[PDB]
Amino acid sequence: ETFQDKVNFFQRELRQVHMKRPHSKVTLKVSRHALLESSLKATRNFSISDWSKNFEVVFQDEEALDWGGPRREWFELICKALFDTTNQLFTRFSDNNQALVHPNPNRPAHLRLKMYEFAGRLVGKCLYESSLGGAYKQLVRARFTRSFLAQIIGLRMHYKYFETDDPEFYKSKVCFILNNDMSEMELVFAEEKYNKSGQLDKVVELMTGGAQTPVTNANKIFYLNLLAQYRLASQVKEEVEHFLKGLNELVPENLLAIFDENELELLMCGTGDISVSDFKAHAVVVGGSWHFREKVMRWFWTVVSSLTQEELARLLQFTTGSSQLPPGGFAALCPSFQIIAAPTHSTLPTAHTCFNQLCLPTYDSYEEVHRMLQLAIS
């Protein structure tokens, strides 16, 4: 039912999964300047039960008053090294800074597949540590694509993931196919790759015989879903398999099945630092009657200030695709956050994540705005 019930149930399982894996102490000698490399060396001989142990992280030539400080910094720093795209272990589909991150099929060859196993164990360690109690919380610092989260849960790929994971591709190709006739496009169930000299390098079929299968109006939805499967899952099959192999050593895959993609983000990354003042200061209201701009919007901000931290997180997922702002906050959004006045009355709010944008109808009372905004994020 509720998200907190899922978390409470999930965390209690996990404490039972690790019940004869003691939280005894283990030392991790790492270096700030070569953090990912030294962390892999420090854990290279860890057994499965060793990953359940209390991590005592020693930063080289650094003294600390307690172990909690270095541990929390190590978790945050190792999350950034793994998932912030800099080392190309993960990548983004557009060279933007809001873009969600995805496993990289075309990474530098020195990043071997066992590094995705480490990343999976690290994420599982965050979930395990956080299930020990509030004082042991370790949040995953990453803004994952929805399709990668869907692959963690074991869901099939769908073209809807393009809007959040590759907004430019969704706005160009996907939206065109969804809205237009295909009889003259001469598309087939295959992808063409060209070299840097503009020559056809390779043809990759979306299924057996796909190059001889035309895309028609009657099958174009199956084409888009098979396109999502190829572009978001098939090309990273081994990377995801090794990630899941590491994750499932600490978190059995059956346990994550009770969450959907967005709930999995909240479980891993938390409800975030959603500042309503930063929200209001960077959101542009587009159009609308006087009643909307001067009364409905005032009701809106009062509602937003009354939302629980989870509801705030779901509002950002509803409108931007992730519960976490980009590094720069609300100012760092692809197109700046816009609240569009919908030309409807007393209807449900809608959103277009590839434009961020929240589409807000006009309402007749505060409690109507309260009711409808909670429904739209429910």
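Position 1 is the first residue in the sequence shown; the rest follow in order.
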query: Average Cα temperature factor in the PDB entry - higher stretch of 5-13, 355-363; finding: 355-363
query: Of 75-83 and 199-207, the one with larger mean CA B-factor; finding: 199-207
query: 58, 36, 313, 334, ranked by C-alpha B-factor: the highest one; finding: 334
query: Residue with maximal Cα B-factor (values as given in the PDB entry) among 320, 350, 309, 27; finding: 309
query: Lowest, middle or highest third - CA B-factor, residue 260; finding: lowest
query: Relative C-alpha B-factor of residue 283, binned into the chain's lowest, middle or highest third; finding: middle
query: Ranked against its chain, the third holding the CA B-factor of residue 252; finding: highest
query: Third of chain Cα B-factors occupied by residue 237; finding: middle
query: Relative C-alpha B-factor of residue 293, binned into the chain's lowest, middle or highest third; finding: middle
